[PDB]
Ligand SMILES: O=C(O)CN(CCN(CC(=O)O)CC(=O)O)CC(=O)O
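Read the single chain below, which is given as structure tokens and is the form solved without the named molecule.
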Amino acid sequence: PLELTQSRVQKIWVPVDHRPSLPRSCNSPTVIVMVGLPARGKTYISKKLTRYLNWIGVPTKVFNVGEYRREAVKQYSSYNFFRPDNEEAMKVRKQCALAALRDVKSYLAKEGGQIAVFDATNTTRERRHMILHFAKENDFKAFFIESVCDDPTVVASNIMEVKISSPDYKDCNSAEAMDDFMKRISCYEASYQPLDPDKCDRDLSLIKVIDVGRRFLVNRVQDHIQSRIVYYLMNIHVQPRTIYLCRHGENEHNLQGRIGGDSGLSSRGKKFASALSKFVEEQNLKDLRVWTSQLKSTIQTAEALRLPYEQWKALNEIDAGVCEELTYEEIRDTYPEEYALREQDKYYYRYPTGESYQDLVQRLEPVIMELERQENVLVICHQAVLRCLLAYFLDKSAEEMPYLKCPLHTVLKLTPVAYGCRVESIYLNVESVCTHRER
């Protein structure tokens, strides 16, 4: 009579499943279609969106047709391979697109993937009609993301930042690679049919990203995930900036080996806070936003900076529930079953009346969205919160996330470059205890 049991790891109430003598086991995936001329940031969008979607828990994978081409055709010689009159290479390129779609079908229908990002030019109505046919026959949704930018400064910058360094241009110098790539773009210009939501593409679910996100044309958003993608694309930018991530200075609970709580900075923690102020000053940043949690130790650290700061409840350390203010030895002795369950499944494990790393991701999502909108930001937080944010920026999986090394009195300087983050570590030469525990 409505009998439930609480699952040991995640602490989820499930109906008591008294399976009979013979136990029996018993929404639609999306193909995101990238659209646009080369050097329009399609791969940049594909990679960043995939990184965000995976981090929030939506299994996402990129299928880049160019990588299938590099695999089918050993070495790249020139733009001549991309010529519309190149009958043989046109057959090869089509075969590569079809092979990528085959892997899209396998990913979405057989591997538990939810979103497949089809990263190609898809510049002709013919190619897009074929992708739609493929989606309709496989019961997949189709969502188009077109990037429109004809600014020559933006095109040249994209070639210099990520095209000249491509495996295709290994034997080329910067000038030859740039010249070949401009000719390669020209191969696509004649047959390019932009998305037309006014007449031809009126019934398609699409986003037209115009001039690096200055303007957007949004047509027929069908569901939750498409709506989320659109909101994300509207919040991200390519302006140069730095993200500094650190934990509060060493606290009294750190000295006692106690988890959670709301203890204050130790004498060393206060020394780090002074060292952090000097470090921040030496960075010579025009403007800098400072974010803390609502816990004392991060606020005391920010107080040493003499800069305005904003407290976020979303940045508060993982809630250990009944295990709050206990040492790991006291957890193992009072709750041995709980201790072993966490060690076996650190990401999904939920503390009783507490949280999991999975819960942390959900509450840090608005932090991530705001970090994307901002420029120079310093986030003073906690060990588990920091691992979660770092996993987003460094594209780390749910499995590796609870084990990322985030020592005390150490600043993680993140510089967005090419298709990810350059990470520099800066230890501020103040002693502390070690709170890192390996698997």
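Residue numbers run from 1 along the displayed sequence.
The same protein has a further form, the form deposited with the named molecule bound, not shown here; the description that follows concerns it.
> I need the one stretch from 103-111, 266-274, 182-190, 279-287 whose residues put non-hydrogen atoms within 4.5 angstroms of the named molecule in the deposited complex.
Correct option: 182-190.
> Out of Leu195, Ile115, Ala135, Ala120, which one falls within 4.5 Å of the named molecule in the deposited complex, going by heavy atoms?
Flagged contact: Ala120.
> So in the deposited complex, does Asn376 come within 4.5 Å of the named molecule, heavy atom to heavy atom?
Contact with the named molecule, no.
> In the deposited complex, does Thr30 have a heavy atom within 4.5 Å of the named molecule?
No - in the deposited complex, heavy atoms of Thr30 and the named molecule never come within 4.5 Å of each other.
> May I ask you to state whether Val65 is within 4.5 Å of the named molecule in the deposited complex, using heavy atom distances?
So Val65 counts as contacting the named molecule.
> With a cut-off of 4.5 Å between heavy atoms, is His409 one of the residues that contacts the named molecule in the deposited complex?
Because no heavy atom of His409 falls inside 4.5 Å of the named molecule in the deposited complex, the answer is no.
> Pull the contact list for 70-85: residues with a heavy atom within 4.5 Å of the named molecule in the deposited complex, in sequence order.
Counting only heavy atoms within 4.5 Å of the named molecule in the deposited complex, the contacting residues of 70-85 are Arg70, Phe82.
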